[PDB]
Amino acid sequence: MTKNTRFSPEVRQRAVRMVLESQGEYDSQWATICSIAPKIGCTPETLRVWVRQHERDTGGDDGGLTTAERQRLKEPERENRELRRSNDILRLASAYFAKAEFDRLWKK
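Residues numbered from 1 in each chain as written, not as in the entry; some residues may be left out. Heavy atoms only, no water.

Method information in the entry identifies solution NMR as the source of the structure.

Following this line, the structure appears as structure tokens:
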């Protein structure tokens with residue numbers, strides 16, 4: 001019956017963020033979650049669910065593939081290998097001195 005009665009997005013995202021922040025400090029996930037929950041005002045069990053859901057947050061998908069009726073498309077394998085082919089590494093500092101040889105800076 002309750003319409004859109006749920007937790008706030010900001011607090012949830014910030015909660016999960018603080019969990020990750022504290023995962024840097026504590027590698028024991030339970031230690032992390034159990035300590036943060038009483039600060040934000042939630043249970044470690046629920047906070048764990050938020051973190052787990054935020055894991056599946058990266059799981060983006062959608063059923064809607066273009067079908068190859070008469071124009072034969074190519075269905076690839078599992079191996080998503082490169083196609084563009086490596087350019088040069090580039091970004092190489094080859095310039096005519098970034099610093100001025102003769103001075104000009106009388107102004108600071």
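Some words on the packing of aromatic side chains
A complete count under the given rule lists one aromatic pair for this structure. Look at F7 and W50: their rings are 5.2 Å apart centre to centre, the planes differ by 80°, and that puts the pair in the edge-to-face class. Of this pair, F7 sits in the segment before α1 (9-25) while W50 sits in helix α3 (residues 44-55); the two residues are 43 residues apart in sequence, bridging distant segments of the chain. With a relative accessible area of 55%, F7 lands in the exposed category. Owing to a relative accessible area of 13%, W50 belongs among the buried residues under this scheme. (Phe/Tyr/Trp six-rings, centres within 6.5 Å; stacked < 30°, edge-to-face > 60°. Helix = DSSP H or I, 4+ residues; strand = E, 2+ residues; numbered from the N terminus. Buried < 20%, exposed > 50% of the residue type's maximum accessible area, 1.4 Å probe, protein only.)

Describing α1
Here α1 spans 25 Å end to end across 17 residues, near enough to the 24 Å set by a 1.5 Å rise per residue. Within the span of α1, buried status applies to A15, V16, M18, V19 and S22. End-on view of α1: buried residues confined to an arc of 155°, all on one side of the axis. Exposed residues on α1 whose side chains face more than 90 degrees from its buried face are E10, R14, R17 and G24. (Expected span 1.5 Å × (residues − 1). Arc of directions from axis to C-beta.)

Concerning the pattern of salt bridges
Scanning the model with the defined rule gives four salt bridges in all. Notably, a salt bridge pairs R17 with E21, separated by 2.8 Å at the nearest N-O pair. Pair noted here: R17 and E21 are both in helix α1, with a separation of four residues, about one helical turn. On the accessibility criterion, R17 (54% relative accessible area) is exposed. Note on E21: relative accessible area 43%, which makes it partly exposed. (Salt bridge = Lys/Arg side-chain N within 4 Å of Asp/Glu carboxyl O.)

A look at the side chain of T32
As for its placement among the helices and strands, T32 is situated in helix α2 (residues 29-40). The buried category is assigned to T32, whose relative accessible area is 1%.

So, the packing of α1 against α2
Packing of α1 against α2 leaves a shortest axis separation of 9 Å and a crossing angle of 140°. Classed by the angle they form, the pair α1 and α2 counts as oblique. Handedness of the crossing formed by α1 with α2: right-handed. Together, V11, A15, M18, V19, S22 and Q23 of α1 and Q29, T32, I33, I36, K39 and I40 of α2 make up the contact between the two elements. (Axes fitted to C-alpha atoms, helices over the stretch in contact; angles between N-to-C directions. Parallel < 35°, antiparallel > 145°, perpendicular 65-115°, else oblique. Left-handed = near helix turned anticlockwise from the far one by under 90°. Contact = heavy atoms within 4.5 Å.)

Some thoughts on the nonpolar core
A15, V16, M18, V19, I33, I36, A37, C42, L47, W50 and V51 together form the largest nonpolar core, which totals eleven residues. Elements represented by at least two residues in this core include exactly α1, α2 and α3. At four residues, the largest contribution of residues to this core is made by α1. Aside from chain neighbours lying at most four places away, what touches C42 is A37, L47 and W50. (Core = buried A, V, L, I, M, F, W, Y, C linked by side-chain atoms within 4.5 Å.)

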